[PDB]
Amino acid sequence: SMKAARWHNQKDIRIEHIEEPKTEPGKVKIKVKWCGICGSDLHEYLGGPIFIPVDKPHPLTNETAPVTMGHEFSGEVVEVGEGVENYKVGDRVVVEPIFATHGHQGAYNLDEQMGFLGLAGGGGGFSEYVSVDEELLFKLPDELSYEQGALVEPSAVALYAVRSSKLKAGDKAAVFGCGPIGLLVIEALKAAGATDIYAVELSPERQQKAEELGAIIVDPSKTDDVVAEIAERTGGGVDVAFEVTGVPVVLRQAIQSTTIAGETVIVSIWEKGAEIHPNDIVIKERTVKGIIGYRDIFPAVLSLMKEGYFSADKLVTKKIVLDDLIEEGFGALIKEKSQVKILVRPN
């Protein structure tokens, strides 16, 4: 009675019909217009479960697989719960898909029982309807399209990384790894006023997107020493380096490419250890900083989009319908290194 994409087991995401969820007193029913593919969705497709509860129920959702998937979405309010006064039918909204013990207060991205809508349960954007509590809503300005709204959440991970960093207007930066996440970091750096952004990337398609976003390409295959090159063109190093590859050798380079008191922000996911040179941190009084999730960031993202940043013209590379999610969505992400963000339409 509602078409949805549910995760049942690894490599087993089904496009099935499930019952429309009832709008409970605290909630608001959204008819989804667009939803993106996180790459976390890609990671649970190929090698889950990681964030999807399967063995024990998730503490806050209290639900196990199968779960509907999809954060990074926007849509139109079609029905309003019992206690809701800040949203009427017809309102255009986006969702900050974080479940936390005490709500969106304090450091909710680091809450012990934290979970994601579309991963831990509570609905998902790869469906026609999702019923979320109004504490997770943001009004979509009329200037911004629904597709722009579907880009709010993934832009937030990038912007929260840049805002969390020592970066100031006019400073120089480096992004190591310019996949979909690294590219969003480049756009966020330009919003924050970064000038020279040194993008270290091998793939020509990804090099040609980073250059469109305003970065300088440092091809590891065309330079003898990447760290020496960034040091030469900056006179001692960039002010902030962003590690997005998850490669141990590259984490070393990111630290070595910062100047006196520079900062290395780790954005990538790590499963195994990595050998660093702690001397490189001590010699120049450097700093390494961890970043996960985001918090108190959606208004800033929404405001920057009204100014042209995080444009869907630059970041959205494909629009698909929910039926074609397996082959035209995940499949395209697996085969085409040129894909940045893919938006999914329920019908």
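The numbering used is simple: start at 1 and walk along the sequence shown.
Look at the C-alpha B-factors of 285-293 and of 52-60. On average they run higher in 52-60. In this entry, 24-32 shows the higher mean Cα temperature factor of the pair 24-32 and 302-310. Based on the entry's C-alpha B-factors, the most elevated value among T245, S165, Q256, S127 belongs to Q256. Of all the options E229, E134, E212, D239, the entry's greatest CA B-factor is assigned to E229. Per the PDB record, residue ranking by Cα B-factor puts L343 in the lowest third of the chain. In this PDB entry, the Cα temperature factor of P66 sits in the top third of its chain's modelled residues, the highest group.
The deposited CA B-factor of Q113 belongs to the highest third of values across its chain. The deposited CA B-factor of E205 belongs to the middle third of values across its chain. In the PDB entry, a CA B factor belonging to the lowest third of its chain's modelled residues is recorded for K190.
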